[PDB]
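Methodologically, a virtual Cβ is constructed for each residue, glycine included, from the backbone with ideal geometry; neighbour enumeration extends over all protein chains shown. Any read-out appearing in this document is the output of simple, stated calculations on the displayed coordinates, not a laboratory observation.
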Amino acid sequence: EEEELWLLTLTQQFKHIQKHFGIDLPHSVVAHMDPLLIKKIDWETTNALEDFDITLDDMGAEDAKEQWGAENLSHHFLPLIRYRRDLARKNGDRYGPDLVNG
Amino acid sequence: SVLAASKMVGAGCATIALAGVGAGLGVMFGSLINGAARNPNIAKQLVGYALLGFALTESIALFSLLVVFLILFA
Amino acid sequence: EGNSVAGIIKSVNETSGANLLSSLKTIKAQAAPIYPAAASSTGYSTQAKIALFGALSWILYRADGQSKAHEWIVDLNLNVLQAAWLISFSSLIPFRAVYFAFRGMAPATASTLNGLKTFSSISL
Amino acid sequence: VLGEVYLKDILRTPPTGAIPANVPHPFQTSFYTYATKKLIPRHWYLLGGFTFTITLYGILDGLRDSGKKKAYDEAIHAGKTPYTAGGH
Amino acid sequence: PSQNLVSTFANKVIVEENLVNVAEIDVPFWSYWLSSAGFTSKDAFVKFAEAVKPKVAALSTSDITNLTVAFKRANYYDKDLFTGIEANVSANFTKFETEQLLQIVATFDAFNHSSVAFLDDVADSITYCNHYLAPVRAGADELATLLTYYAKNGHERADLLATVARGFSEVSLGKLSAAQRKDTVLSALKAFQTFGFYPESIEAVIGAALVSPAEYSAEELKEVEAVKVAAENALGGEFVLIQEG
Amino acid sequence: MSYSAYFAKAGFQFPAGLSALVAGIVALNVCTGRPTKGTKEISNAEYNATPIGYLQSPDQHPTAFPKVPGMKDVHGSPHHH
Amino acid sequence: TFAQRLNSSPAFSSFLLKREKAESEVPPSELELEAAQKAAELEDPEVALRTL
Amino acid sequence: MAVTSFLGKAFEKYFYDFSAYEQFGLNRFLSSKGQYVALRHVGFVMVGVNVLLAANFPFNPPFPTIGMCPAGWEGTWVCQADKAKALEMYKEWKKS
Amino acid sequence: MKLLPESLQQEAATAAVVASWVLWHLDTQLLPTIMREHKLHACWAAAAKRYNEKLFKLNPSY
Amino acid sequence: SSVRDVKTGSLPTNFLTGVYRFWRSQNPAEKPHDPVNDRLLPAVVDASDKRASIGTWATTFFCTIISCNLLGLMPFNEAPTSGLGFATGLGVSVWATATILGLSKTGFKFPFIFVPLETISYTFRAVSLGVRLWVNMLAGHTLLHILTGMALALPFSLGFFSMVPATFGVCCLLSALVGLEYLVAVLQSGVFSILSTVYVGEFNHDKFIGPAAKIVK
Ligand SMILES: [Zn+2]
């Protein structure tokens, strides 16, 4: 139970989204549950890249499409990253993934 | 009223082009049936071409009918 | 409005061992999403009544102008010929199949969400 | 432990209290952001096309009005009626 | 007798004191637009800083970047104010966009103001809280300012380096003028050599110094060739230029 | 449960900027510069001189459900040259 | 099941879809029906603790 | 007590439940349901045009007659082809 | 029957107003909503494998 | 300042998603020679920046034209598209949009007797794109009005309930004509937007600023 809040909130949030998504989920409940994903989606519509996943399909870029999806949901690991970085800071060490040679 | 008389005669002679465009449109749709019979796996693509083809072919009818209007009600 | 899983954790840690199996259903019902119940049925909206009265005023104004027109009777019969097709579309169109075809038009509704799996986010 | 403060605005649970307001897009908020971010940088070709068609149709209205006024002028100069009255 | 009246009205009511006294209601708005219009006087911004100083911690992100850009243009550094602005950025870092953070980091780089927590929150916000193509819309001078900021403060964040290395390309460096491109390439190559991080997009930096080496001096060319050999060793091959075809 | 009652709570709502669309169409139809179809801009002395029925042309008032095509509701200006 | 959730959705309360059922378009699988039964059985958390 | 609730429920019961293809037992006369929908469409058109023509008549039609009258107005004021002559004939027919 | 309207410029401006309103409503009200749904589903479907492998590597529960 | 709430998976959202993805698929992006990665991602983003939004424009024109075309078939209503200025203003608007894009690509420079002949052949697209849709809408309404008069004449001069088979046949013909008008409304909206996409995709092509320097292995 050192990090069970972060894993269990990921499980619960995705279970609610997957349970309700194409059926009756409002947009407000989505933007409440995942505000940074909605922010990264709104950046694409704002910066005229609203067809970017269509462009990556037209260019045949499956690796870049995987990177696009993974970089949009990359904030789901940010609470764990900040928690482990603060743990390593209190222990006096450095966080491993932050370094180029880690 | 010889001008209006010639307007009726000219519009009636003006719509002869709809014959040629109808013969061409029937040729194109018969070839659409043929091309669906040859390769039905792409048939829903071919119908699209047919519609696009019909599109441009139809325009040659409407430039006929426009002249008819420009003969009749100008 | 705090994290509901944090409330689950606090409520489970706050119970005693004798009270746990009794209180699990209430801890489940406390941190469960709000699905707001149906309110009392009211009158129509201001915008709904504006839409219906504006549609009726447009229909009356257009029928009046169609009556004033030179070929008035064929105008009023064109209205019958169009209303016949609006009637027949209610009988012909397979609205369930049309609904699910439109659901297949969008990729968000064409497939299920393929996302987080259980074995990755498990916490033993 | 990993507290709730690490999850603050990153990751939320489904709402238990009430359904919130929908988060607006920046274009839904202001027309200035839509106009300067997407309407002018992306759709100025369409706006120039509409401007060209309104300018051109104003030119065509000017030509039609000039021809109509010319016909009216020679009609009143010839001494005849420019318009047919009709029967009521 | 109207000229003596307009001379009495012109020296007592329309003054700088009533200008900075009507500018107290929305002070990041007024300081931003007055600094853009050119009004960069020190004493007005001394008044402006103690105007914002209570209500900094509850400002919006647009008002924070407006106030920070305004104090960059006025060149007035208030340590308690920028501690408040840094605490605002560190408080709700998820709301800030990448362009706002690049303007804020440019102001914090003009002065030598940094904390470890502020640097981690800006890097977390650019990397995780923002779109991964937001460095592409940035402009390489802003990203080089951020790279030199993190290099000067010695804060090593390889995820942020992999994020802001995306913004360096032929496009963003081609948008710059020649002197500004030389300055940006020198700053980015120095920061990448400091961190020991050589991404696949460093070559678009290196190429921007080697397609046109007429503006570069001999010691700068030695620096660029040092980073070029280091990137050749890191990326695993030799550096060629591509022609038109 | 479900969010069905949440969406049944909100009534009918217009498209978001429909007032601007109706305002643009109405401002195109009323701000034309030219006078109303059928009417002619006459002088104020002529307008105050003539009665109502003489000022109304018969071509602008067609009969509602005319028994004969071309019936007009009013007969305007029997005094003419 | 997904079909039951579609039947409880607002779209099947609308006038042109009042008498329609989503099972008639795509019926649920045997795995989906047995998993809906299993999830209804495990909705009691004490039963889930005892079962596990 | 509400009017629009009863109107919605009544139109639902008329739209979905009330079916004159089975209530009148029209499956013996007609082949299928779609044939009934087509014939009810054309019957709606026929009844509508007859109600309009039947509604207001006798009148001089603006649509071109094919040289046929209603069999009671050979040359009164309904079959007149010239419109001003038909108008004055309508006037001397309305004075009666 | 007349082919030409009373003003061609008025009808052209009506078409421009209607199409520009459809453009603004599409870009502003419809396409943000469409892309919120579509890009949520598409981001999850594009990142399922990488996300689950990264979370499987981070998870110390096994 | 508060926006409305939207159900995810609504039928208008799904319909407009399919329509937008269609008109976006009409002009696909070109595959680069290099593999798409973080080195190539600003080149891809700038390629998307230089490409005109023909998906948004074609969806705009499709939605407005199918809305007016279907307005023509509602009772007490005529299509706005059957007006000359409306439909031909839309046509000249698409032609001028394609021309303004192509001129801006060539540095705002206007373009051996092949050049006036190709100029007339290109300039006739402005006439054809609007006159096709306008002529089709005008012809359908005009044909229905002429046909309706003949049908009205049959029960006006043969009794209201005295001639059943000929009135039934001519009303079958009229009803099939209105169904054809529904088909022509949908088809001419789709045709206008497809020809819009090809006319602007003639000028949508631009230069790909790829990598000028690389590590070879
Ligand atoms: Zn009509």
- Counting only helices (runs of 4 or more DSSP H) wholly inside segment E:130-184, the ones holding at least 1 residues that are aliphatic (A, V, I, L, M) and touching a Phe, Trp or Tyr at 6+ places or on another chain (Cβ under 7 Å) are E:140-152, E:158-164
- Item | Test for C:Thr112: is it more than 23 Å from the chain's Cα centre (by Cα), of a type in the set (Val, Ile, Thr) and more than 7 Å from every other protein chain (Cβ to nearest Cβ) | no
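For every residue, the table says whether it meets (1) small (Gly, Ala, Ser); (2) closer than 19 Å to I:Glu6 by Cβ; (3) assigned to a loop (DSSP other than H, G, I, E, B).
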{"residue": "D:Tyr45", "(1), (2), (3)": "no, no, no"}
{"residue": "D:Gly49", "(1), (2), (3)": "yes, no, no"}
{"residue": "D:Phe52", "(1), (2), (3)": "no, no, no"}
{"residue": "D:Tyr57", "(1), (2), (3)": "no, yes, no"}
{"residue": "D:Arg64", "(1), (2), (3)": "no, yes, no"}
{"residue": "D:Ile76", "(1), (2), (3)": "no, no, no"}
{"residue": "D:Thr84", "(1), (2), (3)": "no, yes, yes"}
- Item | Of residues in segment B:44-62 being facing chain J (nearest Cβ under 9 Å) and crowded, with 17+ Cβ neighbours inside 10 Å, the one nearest to J:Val191 (Cα to Cα) | B:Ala55
- Query: Are there any helices (runs of 4 or more DSSP H) wholly within segment J:37-127 with 2 or more residues that are closer than 30 Å to C:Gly65 by Cβ, and if so which?
  - Reply: J:54-71, J:84-105
- Going through segment H:63-86 one residue at a time, which ones are more than 8 Å from chain J (Cβ to nearest Cβ) and either hydroxyl-bearing (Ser, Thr, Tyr) or touching a strand residue (DSSP E or B) at 6+ places or on another chain (Cβ under 8 Å) (or both)? H:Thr76
- Task: Check off (1) of a type in the set (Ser, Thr, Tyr); (2) surrounded by fewer than 23 Cβ atoms within 10 Å (Cβ to Cβ); (3) touching a helix residue (DSSP H, G or I) at 6+ places or on another chain (Cβ under 8 Å) for J:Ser196 and give me the number that stays unchecked.
- Result: (2)
- The one condition J:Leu11 fails out of (1) facing another protein chain (nearest Cβ under 7 Å); (2) over 27 Å from the mean Cα position of the chain (by Cα) is (2)
- Message: Please return the ranges of helices (runs of 4 or more DSSP H) entirely within segment F:1-56 where 3 or more residues are aliphatic (A, V, I, L, M), more than 7 Å from every other protein chain (Cβ to nearest Cβ) and more than 30 Å from G:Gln4 (Cα to Cα).
- Response: F:18-30
- Return the total of residues in segment J:57-82 being closer than 24 Å to J:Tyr122 by Cα and within 16 Å of the ligand (Cβ to nearest atom). 1
- Would you be able to say whether some residue in segment D:65-80 is closer than 26 Å to J:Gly130 by Cβ and loosely packed, with under 11 Cβ neighbours inside 10 Å? yes
- Give the residue, chosen from J:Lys214, J:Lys207, that is surrounded by 19 or more Cβ atoms within 10 Å (Cβ to Cβ) and within 14 Å of chain E (Cβ to nearest Cβ). J:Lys214
- Item | Residue check, J:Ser162 touching a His at 6+ places or on another chain (Cβ under 8 Å), within 14 Å of chain H (Cβ to nearest Cβ) and under 30 Å from H:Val42 (Cβ atoms) | no
- Being polar (S, T, N, Q), more than 10 Å from chain B (Cβ to nearest Cβ) and away from the ligand (no atom under 16 Å from the Cβ) is the filter here, so list the residues in segment J:108-148 that pass it. J:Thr119, J:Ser121, J:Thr123
- Query: Do you know which residues across segment C:56-79 are more than 12 Å from chain F (Cβ to nearest Cβ), of a type outside the set (S, T, N, Q) and either loosely packed, with under 15 Cβ neighbours inside 10 Å or within 12 Å of the ligand (Cβ to nearest atom) (or both)?
  - Reply: C:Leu56, C:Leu60, C:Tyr61, C:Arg62, C:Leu78
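To keep it simple, each residue is scored yes or no on (1) at negative phi; (2) outside any loop (DSSP other than H, G, I, E, B).
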| position | (1), (2) |
| --- | --- |
| A:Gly60 | no, no |
| A:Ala64 | yes, yes |
| A:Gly69 | yes, yes |
| A:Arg82 | yes, yes |
| A:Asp86 | yes, yes |
| A:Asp93 | yes, no |
| A:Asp98 | yes, no |
| A:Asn101 | yes, no |
- Item | Looking only at segment J:149-163, and only at residues there that are within 16 Å of the ligand (Cβ to nearest atom) and among the hydrophobic types (A, V, I, L, M, F, W, C), the one that is farthest from the chain's Cα centre (by Cα) | J:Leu152
- Give segment E:192-225 a look and list any residue that's closer than 13 Å to E:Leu241 by Cα and aliphatic (A, V, I, L, M), or say none. E:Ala204, E:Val205, E:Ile206, E:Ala208, E:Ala209, E:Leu210, E:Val211
- Task: Could you tell me which of the residues A:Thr9, A:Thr45 is under 15 Å from the mean Cα position of the chain (by Cα) and more than 30 Å from E:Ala191 (Cβ to Cβ)?
- Result: A:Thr9
- Looking only at segment E:74-91, which residues are crowded, with 18+ Cβ neighbours inside 10 Å and of a type outside the set (A, V, I, L, M)? E:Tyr76, E:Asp78, E:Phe82, E:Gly84, E:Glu86, E:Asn88
- Go over the candidates C:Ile27, C:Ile9 one by one and state the one that is more than 14 Å from chain F (Cβ to nearest Cβ) and within 28 Å of F:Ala5 (Cα to Cα). C:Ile27
- Can you find even one residue in segment G:15-29 that is surrounded by 14 or more Cβ atoms within 10 Å (Cβ to Cβ) and among the β-branched types (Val, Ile, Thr)? no
- Task: Scan segment E:190-225 for residues that are assigned to a helix (DSSP H, G or I) and more than 13 Å from every other protein chain (Cβ to nearest Cβ) and jot them down.
- Result: E:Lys190, E:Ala218, E:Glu219, E:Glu220, E:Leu221, E:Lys222, E:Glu223, E:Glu225
- Here are some conditions: (1) within 7 Å of another protein chain (Cβ to nearest Cβ); (2) more than 20 Å from J:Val3 (Cα to Cα); (3) buried (at least 17 other Cβ atoms within 10 Å of the Cβ). D:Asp9 meets all but one. Which one does it not meet? (3)
- Item | Within segment A:56-88, considering residues that are crowded, with 23+ Cβ neighbours inside 10 Å and polar (S, T, N, Q), the one farthest from J:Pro35 (Cα to Cα) | A:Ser74
- Could you please give the count of residues in segment C:32-55 that are more than 8 Å from chain F (Cβ to nearest Cβ), surrounded by 10 or more Cβ atoms within 10 Å (Cβ to Cβ) and not in a helix (DSSP H, G or I)? 4
- Item | Hits in segment A:51-85 - residues which are at the interface with another protein chain (Cβ under 8 Å from one of its Cβ atoms) and acidic (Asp, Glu) | A:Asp51, A:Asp53, A:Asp58, A:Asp63, A:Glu66, A:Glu71
